[PDB]
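> Give the three-dimensional model of this entry:
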Amino acid sequence: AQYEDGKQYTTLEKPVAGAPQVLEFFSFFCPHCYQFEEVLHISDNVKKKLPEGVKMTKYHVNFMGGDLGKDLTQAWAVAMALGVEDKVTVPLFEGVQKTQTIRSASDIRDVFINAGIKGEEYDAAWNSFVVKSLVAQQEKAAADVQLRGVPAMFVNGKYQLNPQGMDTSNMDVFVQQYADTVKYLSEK
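Numbering: from 1, shown residues only. Let me share the structure:
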C-alpha cells in the first residue's frame, strides 16, 4: 500500500487506552526538536490538516539534560497552565540550544518574565499542585509508550510516526508527508 506499517509509521504492540488523539513529545535539549519547531513548524502544519474534533497535545520529557531537563518539564507545565506556550517556546529553544543562556531554573524563569508573564504569576504557577499534576500527566504519557527518544508523535495511542522513513531532500515536502501521514492515521 501507499502507507505501510514500518514505513511512515509503526504500530505499538501495546496500544495505550484513553490516550490523546495527537500526542507530541519533545525536549528543549533535542536538536531535531529545535528543527521541528523553528524550521519545519511540524505541529502547526499537522494542525492545519487535522479534521474536525481533533485536539493536539504536546508534552515535554525528562530524559534529556538531567536536572535542567526536569526543570524544563515543570516549566512547560507552567506554560500549559497559563496558556503561554506560543510565547516561550522559541525563546526556550534558543536559550538552551542557540545562545545557551539557559543554565538554571532562574534563567528559565527569566524567559517567561521577558515574555511578559509576571513573576508573582510565574512563581505561583510553578509551585502549584495544578502544575504538579500537569507534570505527572507528561511523565505518565511518556511512560505509557515507554518513550526513549524525541521528537515523537503518537496517534490515538496506537500509531507512532516514523520520520526516518520519509524523503528529506526537500523540507516542505517532508513536512507535508509527515502531516498527511498524521491525517491518514487519524482517519484510520
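> Strands of this protein, residue ranges please.
For the chain, the strands defined by DSSP state E cover 9-11, 22-26, 56-60, 152-155, 159-161.
> now these in TSV, with mean neighbour count and distance to residue 80?
C-beta coordinates here come from the backbone N, C-alpha and C atoms, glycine included. Converted to TSV, these look like this (neighbours: other Cβ atoms under 10 Å; distance: least, Cβ to Cβ, whole Å):
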stretch	mean neighbour count	distance to residue 80
strand 9-11	16	26
strand 22-26	23	13
strand 56-60	21	8
strand 152-155	24	17
strand 159-161	21	22
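> Give me the distance between the two termini of stretch 36-45.
10 Å (Cα to Cα, to the nearest Å).
> Is residue 28 in contact with residue 62, as I believe?
No - using Cβ atoms under 8 Å, residue 28 is not in contact with residue 62; the gap is 11.6 Å.
> Who has more neighbours out of these two?
Per other Cβ atoms under 10 Å, whichever of residue 28 and residue 62 has more neighbours is residue 28, with 28 against 19.
> can you pull the contacts of that one?
With contact set as Cβ atoms under 8 Å, 6 or more residues apart in numbering, residue 28 has these partners: 60, 65, 72, 92-93, 96-97, 102.
> So which of those belong to helices?
Among the contacts of residue 28, DSSP state H puts 72, 92-93 in helices.
> And these, which of them are buried?
Among those, those classed as buried by 16 or more other Cβ atoms under 10 Å are 72, 92-93.
> What does the residue lying closest to residue 72 once chain neighbours are set aside show for phi and psi?
Nearest residue to residue 72 in three dimensions, chain neighbours excluded: residue 28, at 5.0 Å (Cβ to Cβ, 6 or more residues apart in numbering). Backbone torsions of residue 28, given as degrees, to the nearest 10, read phi -70, psi -10.
> Quick check: residue 28 vs residue 119, distance?
21 Å (Cβ to Cβ, to the nearest Å).
> if we can go back for a sec, can I get the contacts of residue 28 in TSV including distance to residue 150?
As requested, the contacts of residue 28 are arranged in TSV below (distance: Cβ to Cβ, whole Å):
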residue	distance to residue 150
60	9
65	11
72	12
92	15
93	13
96	13
97	13
102	18
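> and which of the residues you listed is nearest residue 127?
Closest approach to residue 127 among those (Cβ to Cβ): residue 72, at 16.5 Å.
> Now for the closest one: which residues touch it?
27-29, 60, 65, 92, 96, 108.
> And the strands of the chain: which comes nearest residue 134?
Residue 134 lies closest to strand 56-60 among the strands of the chain, at 9.4 Å (Cβ to Cβ).
> and that closest one, which strands flank it?
Neighbouring strands of strand 56-60 in its sheet, by DSSP bridges, are strand 22-26 (parallel).
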